[PDB]
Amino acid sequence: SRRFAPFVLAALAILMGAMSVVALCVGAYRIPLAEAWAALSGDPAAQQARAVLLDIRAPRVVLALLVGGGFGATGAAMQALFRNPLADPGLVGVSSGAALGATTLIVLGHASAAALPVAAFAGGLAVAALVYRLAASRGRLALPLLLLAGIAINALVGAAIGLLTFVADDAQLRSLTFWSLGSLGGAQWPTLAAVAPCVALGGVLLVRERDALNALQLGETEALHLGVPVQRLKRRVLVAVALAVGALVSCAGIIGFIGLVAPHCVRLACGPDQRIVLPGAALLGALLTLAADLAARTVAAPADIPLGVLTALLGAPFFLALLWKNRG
């Protein structure tokens, strides 16, 4: 009635697309747009510029869109499910799992080279599932008890990660340290051939729950009186999150404030209705990450800055801003 923001959505879309083009035309391997268009058009003189665009630079752009989109949408969903803007897709323990999955592989062994995201993926989901099972009671899931189960399993996980880091050598240390810092330098097409449908699915389960999510943000008991299966929905949202965020962190490492920032902006821009906030967040998420990952590729080139670093230089003024906002 009082809320016409589908132009906000459509704007975020245009800005995202626009940013995508801009990311494809910059910058480390120096290609002027004229060689960029010739390369895409099949000119044999631009044969190497084309391989860069399609084999190095396109997979990183599409991965940045998947990462940012996946974190915005699961931030949107977590914060509705916990009715707190501070809930973060990691609370399931997927993030620690992936860390533990990845770092036990880097430090023990073995196989290669798409083995790193599979270990990270199975580690996330397993720690996710364990954290769930410890909190649920067959079958009622309290969200306070989810947090305690999380604090506890992340304690256990973190020790196993600490022990591996300890017995690791200098090569293996170099790998953990950078794996956990975040990166998209890996990105190639076979990787995100797998990841993309994983987070494509998660986003479908989440959009399929948006109306039940809105009722939920009114009251757990209130949603229950309106007919929402509050127990079945917690389990449904949590799986979908653990699924897209699991696939994501498995091949990007740990990042990094986007799942908090993007939903909170669209919620400030358009209100909390899950029907707008999830696409809005996914959209603004993908936009902010691409922008971040672009800056990492080029701000200090040929250094490739971990993008965990840049997305924190985003969360810092954001949290500093909503400090300044809420002084009263």
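Quick note: we count residues from 1 along the sequence shown, nothing fancier.
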Residues of the deposited sequence that sit between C198 and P197 yet are not modelled
none
Do the CA atoms of 177-185 or those of 88-96 have the higher mean B-factor in the entry?
88-96
Which is higher on average in the deposited entry, the C-alpha temperature factors of 286-294 or of 53-61?
53-61
Between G109, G124, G75, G162, which one tops the list for Cα B-factor in this entry?
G109
Tell me, please, which of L66, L260, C265, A301 has the highest C-alpha B factor according to the deposited entry?
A301
When the modelled residues of the chain are sorted by Cα temperature factor, does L24 land in the lowest, middle or highest third?
highest
Assigned third (lowest, middle, highest) for the C-alpha B factor of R140
highest
Ordered by C-alpha B-factor within the chain, which third holds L313? Give me lowest, middle or highest, please.
middle
Ranked C-alpha temperature factor of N214 among modelled chain residues, by third:
lowest
Binned into thirds over the chain's modelled residues, the C-alpha B-factor of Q79 lands in the lowest
